[PDB]
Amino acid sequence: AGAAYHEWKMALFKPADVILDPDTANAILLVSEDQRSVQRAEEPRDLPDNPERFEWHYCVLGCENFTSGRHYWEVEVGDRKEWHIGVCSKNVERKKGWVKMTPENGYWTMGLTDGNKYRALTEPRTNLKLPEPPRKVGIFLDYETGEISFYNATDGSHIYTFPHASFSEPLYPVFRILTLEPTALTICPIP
């Protein structure tokens, strides 16, 4: 069940060793020293406007992108009451206010808002019903087949899969947090 999940993911997808890129992180984000976790600060840091940095979206990326193959990583979201995670195109508009995070705008993400509302960030947003709140989420990228999927990485249940896409840009792991709370997002070691 969980076991079947682990066997399936290990057979089919390459483990990506994701580390967060402080240079991309909106100034309201604190990336941990080990670059595995990200937290939202109360006050923004005073950081330069280098082209890589998100200036509007409360986002940070992985250091490395994907251009082909099947890849997965897992993110511990624990009890944090707001988070959205997935992948985004390298050429997302990092410097424009109010760009909706949607596949059309180079984002493939899902998560949680207001403690209990699960969504996939489609346009319009898709509401999800998950019998069990995930503590750890498996993100899955099949670049060739154009498929971004999410699983509960502990009990192996399927969370969501985006419609078929035809990727024309490299894809980054992306992480977004809006609220001030205690629990971090953490990229966990993967089998």
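Start at 1 with the first residue shown and count on from there.
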property: Criterion, highest CA B-factor; candidates, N26, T161, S166, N152; result: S166
property: Within-chain third of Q35 by Cα B-factor, per the entry; result: lowest
property: Third of chain Cα B-factors occupied by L178; result: middle
property: Within-chain third of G138 by Cα B-factor, per the entry; result: lowest
property: Lowest, middle or highest third - CA B-factor, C59; result: lowest
property: Within-chain third of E76 by Cα B-factor, per the entry; result: lowest
